[PDB]
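S.K.: Protein chains in written order, with the entry's author numbering: chain H, 1 to 52, 52A, 53 to 82, 82A to 82C, 83 to 100, 100A to 100M, 101 to 129, 132 to 216; chain G, 323 to 371; chain L, 1 to 27, 27A, 28 to 212.
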Amino acid sequence: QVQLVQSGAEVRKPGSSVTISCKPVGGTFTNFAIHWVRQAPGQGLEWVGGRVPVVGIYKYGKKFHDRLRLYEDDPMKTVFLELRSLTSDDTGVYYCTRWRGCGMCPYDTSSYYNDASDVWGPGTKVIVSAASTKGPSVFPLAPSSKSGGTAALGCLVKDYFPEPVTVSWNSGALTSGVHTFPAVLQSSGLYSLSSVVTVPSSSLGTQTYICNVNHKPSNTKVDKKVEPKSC
Amino acid sequence: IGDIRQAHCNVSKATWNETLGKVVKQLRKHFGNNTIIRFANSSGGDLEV
Amino acid sequence: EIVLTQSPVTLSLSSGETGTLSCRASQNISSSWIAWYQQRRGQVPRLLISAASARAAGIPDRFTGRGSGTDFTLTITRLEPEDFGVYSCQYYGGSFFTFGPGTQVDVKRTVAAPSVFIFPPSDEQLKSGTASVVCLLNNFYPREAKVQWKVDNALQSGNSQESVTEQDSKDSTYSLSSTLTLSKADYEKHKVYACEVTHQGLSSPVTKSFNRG
Ligand SMILES: *[C@@H]1O[C@H](CO)[C@@H](O[C@@H]2O[C@H](CO)[C@@H](O[C@@H]3O[C@H](CO[C@H]4O[C@H](CO[C@H]5O[C@H](CO)[C@@H](O)[C@H](O)[C@@H]5O[C@H]5O[C@H](CO)[C@@H](O)[C@H](O)[C@@H]5O)[C@@H](O)[C@H](O[C@H]5O[C@H](CO)[C@@H](O)[C@H](O)[C@@H]5O[C@H]5O[C@H](CO)[C@@H](O)[C@H](O)[C@@H]5O)[C@@H]4O)[C@@H](O)[C@H](O[C@H]4O[C@H](CO)[C@@H](O)[C@H](O)[C@@H]4O[C@H]4O[C@H](CO)[C@@H](O)[C@H](O)[C@@H]4O[C@H]4O[C@H](CO)[C@@H](O)[C@H](O)[C@@H]4O)[C@@H]3O)[C@H](O)[C@H]2NC(C)=O)[C@H](O)[C@H]1NC(C)=O
Ligand SMILES: *[C@@H]1O[C@H](CO)[C@@H](O)[C@H](O[C@@H]2O[C@H](CO)[C@@H](O[C@@H]3O[C@H](CO[C@H]4O[C@H](CO[C@H]5O[C@H](CO)[C@@H](O)[C@H](O)[C@@H]5O[C@H]5O[C@H](CO)[C@@H](O)[C@H](O)[C@@H]5O)[C@@H](O)[C@H](O[C@H]5O[C@H](CO)[C@@H](O)[C@H](O)[C@@H]5O[C@H]5O[C@H](CO)[C@@H](O)[C@H](O)[C@@H]5O)[C@@H]4O)[C@@H](O)[C@H](O[C@H]4O[C@H](CO)[C@@H](O)[C@H](O)[C@@H]4O[C@H]4O[C@H](CO)[C@@H](O)[C@H](O)[C@@H]4O)[C@@H]3O)[C@H](O)[C@H]2NC(C)=O)[C@H]1NC(C)=O
Ligand SMILES: *[C@@H]1O[C@H](CO)[C@@H](O[C@@H]2O[C@H](CO)[C@@H](O[C@@H]3O[C@H](CO)[C@@H](O)[C@H](O[C@H]4O[C@H](CO)[C@@H](O)[C@H](O)[C@@H]4O)[C@@H]3O)[C@H](O)[C@H]2NC(C)=O)[C@H](O)[C@H]1NC(C)=O
Ligand SMILES: *[C@@H]1O[C@H](CO)[C@@H](O[C@@H]2O[C@H](CO)[C@@H](O[C@@H]3O[C@H](CO)[C@@H](O)[C@H](O)[C@@H]3O)[C@H](O)[C@H]2NC(C)=O)[C@H](O)[C@H]1NC(C)=O
Ligand SMILES: *[C@@H]1O[C@H](CO)[C@@H](O[C@@H]2O[C@H](CO)[C@@H](O)[C@H](O)[C@H]2NC(C)=O)[C@H](O)[C@H]1NC(C)=O
Ligand SMILES: *[C@@H]1O[C@H](CO)[C@@H](O)[C@H](O)[C@H]1NC(C)=O
């Protein structure tokens, strides 16, 4: 049984370069090839490159010439991925993949490259965004006539970073009906999301509704009230 | 540099089985027709022996 | 190049129900260079079947693989709520590996139309120079809802991103959040904003509109 251990997440400015480590644990090093599979946020899997560690049997993707460079370091027994000229397309989670086989057979000195991947690294989140630790800017999503007994209201979190951001309603009081959408990466390089909830229209002007957005790295805690206007 | 494993020497089992089956008949000419002979590994002593 | 395509984009299945995913290759490929992966909730992908038929280590009997030449199928006789998510097929033959686009599976449920809402921007955000109109589709089961923004009945494109939650555990419903983002001046060049929802269980495309004021 083998295992793959990667690096932690990183954030890089656009146009710069990033280097990701991957060290196998308890397996043959020079036999099977290490492939790299990435996943842009919300899209399918994309093959990056593959390389037998020391033998050098490698080949990169058509999309990654003059920007990718795979190398290794056998004193540390760790392979590395290097990607240059970073854009917001290159944001995603990068996986260290490998095949494992037999284990008991040691006399196999050959090198393999055309295989699947049953051994996967936990992943390394690479974020391409030219910005710094910025707190959110909560904006209300007030209900109005624009339905049939039940209306909807929410808060909009915009222009922030790291994204562990949590949203609660009335300090954990309102839980049912709450739908907090996943964060999206804007073209400007700042995260954004929105969390809404459905309430009966009879308790619009009666029950007070406030959000509780807590951005931990920036140490920001915002309690914004949702007040209807109805246009 | 790279993985490590012990040095070894490979001999095809079919050719060695045939070679032993051919030497045993030449050995029976001195030690008996329709008799059995054995051979185990070394006894012991010097590493070069 | 060698590129793969997956047909049953979203395949709904209940407990014990049987499904069959497909993975068509462009050229003719050998039946020893196709693998199937399981990806549940943005976690690590797990190799289901290698060589389009060889079931991997520990992969249960419910996953059977077939295919030859151009089309490759993955048949799931029965499934727990354990094996739900996105399935991908990989061609691992030549010097250039390529994956399938992915195919999500859903817990099969009765049809449900989305409750649509629309949220105008706040004046506090208008003091910052940006405008964000939100269109919401809540608690609808049949995936593949179509959201189209109309500005004075003129269709827009490009500046309208959207995000969808995962399939809810209790009621097996989905929710979509489309965010239309414009600038300060582009917000004032019109006054009628709306979003139209095209949906299966919705017998007519519902439009939720409002005016600038
Ligand atoms: C000295 O001497 C010594 C001794 O002799 C030596 O050593 C050696 O070496 C050699 C080399 O050189 C080597 O060979 C090698 O090996 C390897 C290993 O193998 C193993 O494994 C495998 C795999 O399988 C899997 O599965 C199974 C079941 O089915 C199992 O059993 C296993 O284990 C594995 O596992 C997996 O799965 C499972 C499930 O359950 C799981 O669990 C795990 O985890 C994993 O995942 C196998 O197959 C094998 O087996 C075999 O063998 C045995 C022995 O005994 C036998 O018994 C059997 O039967 C078999 O065989 C048979 O069959 C086959 C089928 O095919 C055939 O082939 C043959 O012929 C016969 O018939 C074991 O176990 C391996 O792998 C190899 O192969 C490879 O390579 C080659 C060359 O290159 C080729 O040809 C082939 O084809 C292959 O390849 C592959 O891969 C690649 C890349 O990597 C590719 O490209 C290709 O195409 C392929 O792939 C494909 O297919 C596959 C399969 O089917 C699949 O998977 C994929 O996907 C695709 O489709 C070779 O063979 C040996 O081993 C050694 N030995 C020892 C002991 O050590 C030395 O070298 C000498 N030296 C001097 C210099 O002299
Ligand atoms: C023992 O211990 C030693 C001490 O540490 C250690 O050094 C030894 O490790 C390393 O062994 C290597 C053995 O090759 C040795 O060579 C290096 O190889 C590098 C890899 O790039 C080349 O090969 C790949 C893949 O190889 C294909 O062909 C082989 C042939 O047997 C085959 O077996 C493989 O399977 C593979 O086939 C491919 O196609 C198949 C088709 O079906 C497919 O099935 C396979 O899966 C596979 O894909 C190849 O992909 C490379 O890219 C070629 O092709 C692309 C695409 O067209 C082109 O764009 C490229 O330009 C390139 O074309 C060239 O090759 C093709 C054939 O593929 C040919 O047609 C073209 O005409 C053209 O020649 C490429 O071929 C390679 O990068 C190394 O290059 C130099 O620079 C390195 C980076 O700095 C440096 O580390 C190297 O040392 C090296 O030399 C430089 O530094 C020297 C220092 O002494 C100096 O003297 C010299 O002047 C230079 O400055 C190099 O060629 C490594 O050198 C060696 N050491 C390392 C890595 O440090 C270790 N060995 C073992 C066995 O254990
Ligand atoms: C001919 O073949 C025979 C077998 O038919 C073979 O006899 C065996 O030799 C091995 C050594 O090659 C013996 O194994 C050792 O046994 C002793 C106890 O008798 C152990 O203490 C040894 O382990 C020690 O060293 C290890 C090395 O790391 C340590 O890890 C361990 O803690 C011990 O310190 C070792 O196991 C074996 O007992 C014999 N007997 C048989 C029948 O297996 C013989 O060597 C071959 N060659 C010759 C010249 O006859
Ligand atoms: C993958 O391989 C298969 C089989 O070799 C290829 O199928 C072949 O496709 C051609 C058309 O491109 C078929 O020719 C047609 O034959 C019929 C009957 O003779 C005739 O009426 C048509 O007018 C046409 O000539 C051919 O028959 C068919 N092979 C077989 C065995 O049926 C397939 O095209 C290959 N894939 C790719 C991408 O090339
Ligand atoms: C010793 O090595 C030689 C050469 O690597 C082997 O000869 C090859 O054997 C294979 C398998 O029969 C053939 O397919 C090749 O055509 C042979 N090559 C040559 C040049 O003859 C030989 O079999 C090996 N012997 C042992 C016992 O491992
Ligand atoms: C003993 O001699 C006979 C006749 O010369 C011969 O056929 C036989 O092979 C010899 N012994 C053996 C068992 O080889």
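Virtual Cβ for every residue (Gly too), placed ideally from N, Cα, C.
1) Just checking: is the beta-carbon of residue 323(G) within a distance shorter than 8 angstroms of some beta-carbon in chain H?
2) Please name the residue or residues paired with residue 331(G) in a DSSP beta bridge.
3) I'd like to know if the segment 117–125 of chain H and the segment 118–125 of chain L are in contact, where contact means that at least 3 CB-CB pairs between them fall below 8 angstroms.
4) For residue 125(L), which three-state DSSP category applies?
5) Within 10 Å of its beta-carbon, does residue 75(L) have 16 or more other beta-carbons around it, so buried, or fewer, so exposed?
6) Using the C-alpha atoms, what's the distance from residue 28(L) back to residue 177(L)?
7) Which one of 159(H), 7(H), 6(H) has the shortest CA to CA distance from residue 192(H)?
8) Which residue marks the beginning of the beta strand (DSSP E) containing residue 173(L), and which one marks its end?
9) Ignoring anything shorter than 3 residues or poking outside the segment 79–160 of chain L, list the beta strand (DSSP E) runs there in chain order.
10) What residues are listed by DSSP as bridge partners for residue 193(L)?
11) Where does residue 337(G) sit, in a helix, a strand or coil, going by DSSP?
12) Less than 8 angstroms between the C-beta atoms of residue 324(G) and residue 29(H), yes or no?
13) At 7 angstroms on the CB atoms, spell out the chain H contacts of residue 117(L), in chain order.
14) Counting Cβ pairs, one atom from each stretch, are 3 or more of them under 8 angstroms apart for the segment 80–93 of chain L and the segment 352–370 of chain G?
15) Using 8 angstroms as the limit for Cβ to Cβ distance, is residue 100M(H) near chain L?
16) Any heavy atom of ligand 7 closer than 7 angstroms to the Cβ of residue 92(L)?
17) At 8 angstroms on the CB atoms, spell out the chain H contacts of residue 141(L), in chain order.
18) Is it true that the segment 102–116 of chain L meets the segment 128–141 of chain L, where meeting means three or more beta-carbon pairs spaced less than 8 angstroms apart?
19) Our contact map puts residue 201(L) next to residue 113(L) with C-beta atoms below 8 angstroms; I'd like the distance itself, whole angstroms only.
20) If I'm right that residue 147(L) touches residue 187(L) with Cβ under 8 angstroms, what's the distance once you round it to whole angstroms?
21) What does residue 105(H) reach in chain L if we use C-beta pairs closer than 7 angstroms?
22) Does ligand 2 have a heavy atom nearer than 7 angstroms to the CB of residue 100J(H)?
23) Is the segment 90–106 of chain L in contact with the segment 339–355 of chain G, if contact means three or more CB pairs nearer than 8 angstroms?
24) Are the CB atoms of residue 88(H) and residue 40(H) within a distance shorter than 8 angstroms?
25) Could you spell out the range, first to last residue, of the beta strand (DSSP E) harbouring residue 197(H)?
26) What does the Cβ neighbour count give for residue 352(G), buried or exposed, with the cut at 16 atoms within 10 Å?
27) Taking the alpha carbon of residue 165(L) as the point to measure from, which residue in 65(L), 127(L), 52(L), 41(L) has its own alpha carbon closest?
28) Locate the beta strand (DSSP E) running through residue 22(H), then write down its first and last residues.
29) Apart from the five residues just before and just after residue 66(L), which ones in its own chain have a Cβ nearer than 6 angstroms to its Cβ?
30) Would you say residue 86(L) reaches chain H, if we count a Cβ-Cβ gap shorter than 8 angstroms as a contact?
31) Suppose only complete runs of 3+ residues qualify. What are the beta strand (DSSP E) ranges in the segment 146–184 of chain H, listed by chain order?
32) Against residue 174(H), what residues of chain L qualify as contacts under a CB-to-CB distance less than 9 angstroms, listed in chain order?
33) Is the distance from the Cβ of residue 103(H) to the Cβ of residue 80(L) below 8 angstroms?
34) Quick one, are the C-beta atoms of residue 32(H) and residue 100H(H) less than 8 angstroms apart?
35) Measure from the alpha carbon of residue 135(H) to the alpha carbon of each residue in 167(L), 116(L), 91(L), then state which is nearest.
36) Below 9 angstroms on C-beta distance, what does residue 29(H) contact in chain G?
M.R.: This is what the structure holds:
1) Residue mapping note: residue 323(G) aligns to position 1 of the second sequence, counting from 1. It does; some Cβ of chain H falls within 8 angstroms.
2) Here residue 331(G) corresponds to residue number 9 of the second sequence, with the count starting at 1. DSSP lists no partner for residue 331(G).
3) yes
4) Taking the first residue of the third sequence as position 1, residue 125(L) is located at position 126. Residue 125(L) falls in the helix class under three-state DSSP.
5) To locate residue 75(L), count along the third sequence from 1; it is residue 76. Burial call: buried.
6) For the purposes of this step, residue 177(L) is identified with residue 178 of the third sequence, where counting begins at 1. For the purposes of this step, residue 28(L) is identified with residue 29 of the third sequence, where counting begins at 1. Each residue's Cα considered, the two are about 40 angstroms apart.
7) Along the first sequence, read from residue 1 onward, the residue named residue 192(H) stands at position 207. Minimum Cα distance to residue 192(H) is reached at 159(H).
8) Locating residue 173(L) in the third sequence gives position 174, where the first residue counts as 1. Note, residue 173(L): beta strand (DSSP E), 173–182.
9) 85–90, 102–106, 114–118, 129–139, 145–150
10) In the third sequence, counting from the first residue as 1, residue 193(L) sits at position 194. Paired residue(s): 149(L), 208(L).
11) Within the second sequence, numbered from 1, the residue matching residue 337(G) stands at position 15. Three-state result, residue 337(G): helix.
12) Position 2 of the second sequence, counting from 1, holds the residue named residue 324(G). Position 29 of the first sequence, counting from 1, holds the residue named residue 29(H). Result yes, Cβ atoms of residue 324(G) and residue 29(H) sit closer than 8 angstroms.
13) By one-based count along the third sequence, residue 117(L) stands at place 118. Within chain H, the residues near residue 117(L) are 129.
14) no
15) One-based indexing of the first sequence puts residue 100M(H) at position 117. Closer than 8 angstroms to some Cβ of chain L, the Cβ of residue 100M(H) qualifies, so yes.
16) Summarising the ligand content, the structure contains ligand 1, ligand 2, ligand 3, ligand 4, ligand 5 and ligand 6 and does not contain ligand 7.
17) The residue you call residue 141(L) lines up with position 142 of the third sequence. Simply none; closest approach about 18 angstroms.
18) yes
19) The residue labelled residue 201(L) in the question sits at position 202 within the third sequence. The residue labelled residue 113(L) in the question sits at position 114 within the third sequence. Yes, they are in contact, since the Cβ atoms of residue 201(L) and residue 113(L) sit about 7 angstroms apart, within 8 angstroms.
20) Reading the third sequence from its first residue, position 148 is the one you call residue 147(L). Reading the third sequence from its first residue, position 188 is the one you call residue 187(L). Not a contact, Cβ separation roughly 22 angstroms.
21) On the first sequence, position 122 is the one that residue 105(H) refers to. Within chain L, the residues near residue 105(H) are 43.
22) In the first sequence, the residue the question calls residue 100J(H) occupies position 114. Yes.
23) no
24) Mapped onto the first sequence, residue 40(H) falls at position 40. Mapped onto the first sequence, residue 88(H) falls at position 92. Yes, the pair counts as a contact, with Cβ atoms nearer than the cut-off.
25) In the first sequence, counting from the first residue as 1, residue 197(H) sits at position 212. Start and end: 196–200.
26) As a working note, residue 352(G) is residue 30 in the second sequence. Classification of residue 352(G): exposed, given that the 10 Å Cβ count is below 16.
27) Residue mapping note: residue 165(L) aligns to position 166 of the third sequence, counting from 1. Out of 65(L), 127(L), 52(L), 41(L), 41(L) has the C-alpha closest to the C-alpha of residue 165(L).
28) Counting from 1 along the first sequence, the entry for residue 22(H) is found at position 22. Residues 18–25.
29) In the third sequence, counting from the first residue as 1, residue 66(L) sits at position 67. Cβ within range, chain order: 51, 72.
30) Here residue 86(L) refers to the residue found at position 87 when the third sequence is read from its first residue. No - not a single Cβ of chain H is within 8 angstroms of the one on residue 86(L).
31) 151–154
32) Sequence index remark: in the first sequence, residue 174(H) carries index 189 (1-based). Those do not exist, as residue 174(H) stays about 14 angstroms from chain L at its closest Cβ, beyond 9 angstroms.
33) As a first step, residue 103(H) must be located in the first sequence, where it is residue number 120. As a first step, residue 80(L) must be located in the third sequence, where it is residue number 81. No, the Cβ-Cβ distance between residue 103(H) and residue 80(L) is not below 8 angstroms.
34) Residue numbering aside, residue 32(H) sits at position 32 when the first sequence is read from its first letter. Residue numbering aside, residue 100H(H) sits at position 112 when the first sequence is read from its first letter. Yes, these two residues count as a Cβ contact at 8 angstroms.
35) Translated into positions along the first sequence, residue 135(H) becomes position 150. The residue with the shortest Cα to Cα distance from residue 135(H) is 116(L).
36) Within the first sequence, residue 29(H) is the residue found at index 29, counting from 1. Under the 9 angstroms cutoff, chain G gives 324, 325.
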